[PDB]
């Protein structure tokens, strides 16, 4: 193998400007990093800059360097959707025609009608809400009626809340499995059905650790599957395992924050493995992009950047670091959805003694999967063109 270990970091939602097909999505003008940089009066990301972020695109506080540490370019999404699952599935070598849906005005009556028809239970709520908001509003009604609180977030999810002392956990799980079947329908296609059991009393409801997720498997066998099948390590950090529903994963490390994600990345650098370590930094999307909070987003990017020099120090000659994103989520954009954007790609190994160069623009995110597959000599994905030889 050219590289013994590849460290792949997805800065979730960290887009680098509207894609050629942004108009289709109502995403004209979208620019995640650029708008944040403007809000911050210049972003402080000296390490990403050293890698060549400004060489991809110059933005406020983010300038090009003469000798970037590694190779750089951006990637264009080929799949139809701009959601997390589509982006990640494409990165690992797939092409996804059918987009996952979001529901800012709640779910269509037709879906909720069938769920009622199959479960024998009434549905209340049917809107985007945090767990706390929806429970304060409807928790008491739920307890008194045995109805199901159905709600969503800004992402492609269908969440079902029920009090553990009113709806048995096992019954809630059965209901979520029914909802999971009904939502395998392109009209209602949600990435994830989530059981949200809760306990307590009016004015004091708490969601329990008995949350269960019902995800769809990737629409194809991914480069991760092939790595696992060839006895390579595939270490998933953060939301990665969930995003792929465990497919191709050999070890999964849960994280609770971006900083914790970087700590686990550091943990994997200290591990003797051969294969892939794959981190998702989710705070960018979950805490800042969807909440349209450019200040919080900017601070998070600066916090992430400050962690990088330790990563640089731990990389070996036969390690490769890949940093990218899965879509945009411009925190100064209308609405709460993601934005259709190019994503940055930075590829760095300490063995690049003379620094890196510009790569041709990646015409699909699957170019990452193809590169990983070629490196480890496993079956090449159907989509994607490897840039391994360019490095």
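Positions refer to the first chain, counted from 1.
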Point to revise | Of 115-123 and 259-267, the stretch whose C-alpha atoms average the higher B-factor in the entry | key: 115-123
**Study point:** Stretch with the higher entry mean CA B-factor, where the candidates are 244-252 and 104-112
**Key:** 104-112
Review point. Which has the highest CA B-factor per the PDB entry: 303, 283, 144, 226?
Key: 144
Revision key, fill the gap. When the entry's CA B-factors for 82, 211, 307, 221 are compared, the highest one belongs to 211
Exercise for review: Comparing against every modelled residue in the chain, figure out the third that the C-alpha B-factor of residue 341 lands in (lowest, middle or highest).
Suggested key: lowest
Study note, to complete from the structure: The third of the chain into which the C-alpha temperature factor of residue 89 falls is the lowest
Check your understanding: Split the chain's modelled residues into thirds by Cα B-factor; is residue 289 in the lowest, middle or highest one?
Key -> lowest
Review point. Of the three thirds of its chain by CA temperature factor, lowest, middle or highest, which one includes residue 239?
Key: lowest
Review point. Residue 21: which third of its chain by C-alpha temperature factor?
Key: highest
